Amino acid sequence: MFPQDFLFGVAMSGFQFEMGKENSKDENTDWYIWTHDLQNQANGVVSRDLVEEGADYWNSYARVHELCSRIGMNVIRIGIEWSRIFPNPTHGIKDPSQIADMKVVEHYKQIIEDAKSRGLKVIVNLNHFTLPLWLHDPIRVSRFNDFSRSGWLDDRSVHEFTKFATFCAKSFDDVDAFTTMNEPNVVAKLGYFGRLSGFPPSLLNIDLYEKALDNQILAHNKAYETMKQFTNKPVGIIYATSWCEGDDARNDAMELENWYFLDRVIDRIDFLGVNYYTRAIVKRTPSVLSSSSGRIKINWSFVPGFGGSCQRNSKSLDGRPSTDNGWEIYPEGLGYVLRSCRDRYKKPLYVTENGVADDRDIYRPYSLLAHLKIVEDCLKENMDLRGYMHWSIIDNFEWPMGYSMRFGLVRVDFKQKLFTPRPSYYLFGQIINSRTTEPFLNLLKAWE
């Protein structure tokens, strides 16, 4: 049985969920201008969907929180938008509290208290990909070689993030926990070394990938140190943990994908949030690619037909189902990643994201149950694993894919602003009620 202290819940971000009515429109991020760029759209780099026609969590948060509490979840992780809290640059302002948008801060405090009043512990994540436009204009970077506002490449970013973190630890006194950032390794790798992924600014330069990783490491460490001076609540980080299999090059792949960053922040976190979706198959390359510093080294490639590289709504080359976005269902990898984190680090663990793109709900019941069974296996091994948070409660804006990729336990009709739970939502409630997957395991036999 899952301990009754165990947290069952969901994860959300600001940008992908908040917008949808005019009173919440936030044009002030790199991602907003990135997705409205017509040249990007014409090249298929981003979709034509409008984030400002989305799910309206900014005003409908009470409906969303009630969906969570109705099936007994007891935690939610939300993102707050730096671009809303500090709409104007803070450089040169030692104490920026007088230029924070307090209407925005009050609104987030109202969202937090509403969730808490429904029995949800609230984890507030300070940064989830998007950056204030005054800090990052990715079209100026991408198309005009203009680095005056260059995001995590920018020499102001670490300092300005620390100031933002200090303000949040002081002002958001009633959260249950903080995390500084969400998958910083994805921001860096997809932004500067993932040209086919469509993440801003879509540069292709291993040295900038290295710079963005290292500035986010610095930003996290300094943020933890300042926030711990002003809050008693736990402060962690959320990381996109890969699980690489293949020839002997697995170890080098895992070092760059996971352990390089995590080794350098582990001393400055109270818990580690693990985001896991699928595995990756690697094989050694004939040549070594090294950064100019010699500090980053790449000598593997990712093998197509497995993990994130499958055909949509198909099977991997190992015969496992692949979802609406072509990601293989590989539940054992979640246990392998968590055991690696336990072996390397003495640190409480949470699964902070796990889910599937699946509008018809033909993958999510199986994937949810199979991954929770793996989580229960880890608990039986006495691993210090304290919660599981699904991505997500509702369909939302899936970065360059727009609304086409639907991750919710609950379907959203974005035009009619309607929420409709899928059957996997009711199954999650039943698993939470039983506090074990044991009465449900026979369903898994239909997939073997």
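Sequential numbering from 1, following the sequence displayed.
Here 366-374 and 316-324 are compared by their mean Cα B-factor, and 316-324 comes out higher.
Comparing the deposited coordinates for 182-190 and 100-108, the stretch with the larger average C-alpha B-factor is 100-108. Taking only the listed residues 352, 287, 83, 221, the entry reports the highest CA temperature factor at 287. Of the residues listed, 40, 404, 420, 396, the entry assigns the biggest Cα temperature factor to 404. Ranked by C-alpha B-factor against the other modelled residues of its chain, residue 384 falls in the highest third.
When all modelled residues of the chain are sorted by CA temperature factor, residue 79 is found within the middle third. The PDB entry assigns residue 23 a C-alpha temperature factor belonging to the highest third of its chain's modelled residues. The entry lists a Cα temperature factor for residue 275 that places it in the lowest third of the chain's modelled residues. Sort the chain's modelled residues by C-alpha temperature factor and residue 233 lands in the highest third, per the entry.
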